[PDB]
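Reviewing the structure listed below.
Values below: every heavy atom of this structure, side chains too, minus hydrogens, waters and symmetry copies. Each chain gets a letter, A, B and so on, in the order its sequence line appears, and its residues count up from 1.
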Amino acid sequence: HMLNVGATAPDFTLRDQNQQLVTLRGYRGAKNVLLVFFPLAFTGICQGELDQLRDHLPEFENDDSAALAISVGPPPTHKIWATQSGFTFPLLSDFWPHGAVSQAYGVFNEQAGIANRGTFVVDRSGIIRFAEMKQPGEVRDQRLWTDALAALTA
Amino acid sequence: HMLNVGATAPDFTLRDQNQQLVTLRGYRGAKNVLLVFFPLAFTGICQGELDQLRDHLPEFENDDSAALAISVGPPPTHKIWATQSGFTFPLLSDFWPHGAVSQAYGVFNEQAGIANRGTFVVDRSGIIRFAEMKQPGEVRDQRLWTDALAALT
């Protein structure tokens, strides 16, 4: 099942949309990390969620916080989507092995082969301090994300 | 790994870019099928190959022949690419299980998690009658596809 608050966040090294390696442990001791798992690029609900993250980026990518969007797509998919959508934050490929990081966080839909709408905040110690999992057909409330992030600055 | 000529073509049922199910077996007795495997949507060499196919579509999609392009990408990826590129032929998703059909045809790159640039012609009996895979630099020779197809009518 989904990892809950108090668990150590599984570490990972994934390619971003520009093929650079991004590792979760690299933020430890420096920033709180918002992990935004999403099902599929070029779909309507995903578009809306990541458009909203784009529109409010300074709340998620600053001196205290970092945001990483994760899905099973490979980098060329995430690159074209990011370019066409104006996304400048990292989109990470859980592509091969397929959904392995999703599976480690307990947010992989084993029937569909896609991550659910899982969201986590990982504190500077690497412990999960916010956890949620919505289904692909549901929409998340991003005020919950900013509120969790805010509580780990002060 | 690649299946050679004379082998029975593994049957599949995959979603196309509009989420419709396409099954190889449905062409048996009716059409020769060209199977164009490709690594990734939105890449350069894939683009050029499938653009050639678009530009020559009546040679590949007619009363005697059908063409199916196959990669590991899911339908929304294929839908956006297809729409942007004018691909009106089926792009099929070997997505989940990841590359299972590609594996069955012996054209899966296990290290990278993508299909290689393999091509097959399947006759009206379901037998592989043409099998092609080019070097990493090299774009496939589509006159060859139309020649193989032409030999089977």
Heavy-atom pairs under 4.5 Å with chain B, option from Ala41(A), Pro76(A), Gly73(A) with the top count: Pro76(A)
Shared-cluster residues of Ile127(A), by chain and number - hydrophobic side chains joined below 4.5 Å: none
Quick one: donor-acceptor pairs under 3.5 angstrom, chain A versus chain B?
residue, atom, partner, partner atom, Å
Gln84(A), OE1, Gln84(B), NE2, 3.1
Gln84(A), NE2, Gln84(B), OE1, 3.3
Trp96(A), NE1, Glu110(B), O, 2.9
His98(A), ND1, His98(B), ND1, 2.8
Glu110(A), O, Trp96(B), NE1, 3.0

Residues clustered with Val139(B), ILVMFWY side-chain links under 4.5 angstrom: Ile45(B)
Hydrophobic cluster membership, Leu53(B) vs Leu35(B), 4.5 Å side-chain cutoff: no
Stepwise ring-ring contact (aromatic ring centres under 6.0 Å, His included) check, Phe95(B) with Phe95(A): CA-CA 10 Å; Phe95(B) 169 77; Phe95(A) 169 77; 9.0 Å; no
Path from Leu40(A) to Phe42(B) over hydrophobic side-chain contacts below 4.5 Å: no
Cluster overlap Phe120(B) with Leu24(B), hydrophobic side-chain contacts below 4.5 Å: yes
Cluster link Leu68(A) to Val121(A), ILVMFWY, side chain under 4.5 Å: no
All side-chain contact (heavy atoms from CB on, under 4.5 Å) counterparts of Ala69(A), not counting sequence neighbours: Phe38(A), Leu50(A), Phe89(A), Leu91(A)
